[PDB]
Amino acid sequence: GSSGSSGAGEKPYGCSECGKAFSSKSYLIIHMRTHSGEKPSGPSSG
Ligand SMILES: [Zn+2]
């Protein structure tokens, strides 16, 4: 079967943080909004 590259060239707008593609740059940005942060770690001490 197939594993890896898509075939017809991957999309230029593909999130790496989680792994989500989008058929619209602007869209990707909106998605990245829930990825960027201010700390290198994820404190969940409530
Ligand atoms: Zn993402």
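The deposited coordinates for this entry were obtained by solution NMR.

Some thoughts on the overall build of the protein
Helix and strand content of the protein: 1 helix and 0 strands. Principal axes of the C-alpha set define a box for the protein whose edges measure 45 × 25 × 15 Å. When burial is assessed residue by residue, the protein has 9% of its 46 residues classed as buried. Carbon and sulfur atoms provide 47% of the accessible area of the protein, an area that totals close to 4200 Å².

Re the coordination of the zinc ion
Coordination sphere of the zinc ion, protein contribution only: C15 (SG), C18 (SG), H31 (NE2) and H35 (NE2), at 2.0 to 2.3 Å. Around the zinc ion sit 4 donor atoms; with metal-centred angles ranging over 98 to 119°, the donor geometry is tetrahedral. Look at where the donors of the zinc ion fall in the sequence and you get C-x2-C-x12-H-x3-H. You can see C15 sitting in the segment before α1 (25–32) and its partner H35 sitting in the segment after α1, a full 20 residues away along the chain. With relative accessibility at 7%, the residue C15 sits in the buried group.

Quick word on the environment of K11
Within the fold, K11 resides in the segment before α1. Placed 12 residues apart in sequence, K11 and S23 show a C-alpha to C-alpha distance of 7.6 Å. Once residues lying within four places of it in the same chain are set aside, the contact partners of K11 are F22 and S23.

Overview of the packing of aromatic side chains
Taken as a whole and assessed by the stated rule, the structure comprises 1 aromatic pair. On the basis of an interplanar angle of 70° and a centroid distance of 5.5 Å, the ring pair of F22 and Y27 is categorised as edge-to-face.

Observations concerning the environment of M32
Examined against the element boundaries, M32 turns out to sit in helix α1. When its relative accessible area of 28% is taken as the criterion, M32 is described as partly exposed. In the structure, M32 is positioned 12 residues away from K20 in sequence and 9.8 Å away in space, judged by C-alpha atoms. Those residues in contact with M32 that sit more than four places away from it in its chain are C15 and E17.

Conventions adopted
- Residues numbered from 1 in each chain as written, not as in the entry; some residues may be left out.
- Heavy atoms only, no water.
- Helix = DSSP H or I, 4+ residues; strand = E, 2+ residues; numbered from the N terminus.
- Buried < 20%, exposed > 50% of the residue type's maximum accessible area, 1.4 Å probe, protein only.
- Areas by Shrake-Rupley, 256 points an atom, 1.4 Å probe, with all protein chains shown as cover.
- Donors = N, O, S within 2.8 Å, 3.2 Å for Na, K, Ca; no water.
- Tetrahedral: all angles 85-135°; square planar, octahedral: opposite > 155°, others 65-115°.
- Contact = heavy atoms within 4.5 Å.
- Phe/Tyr/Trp six-rings, centres within 6.5 Å; stacked < 30°, edge-to-face > 60°.

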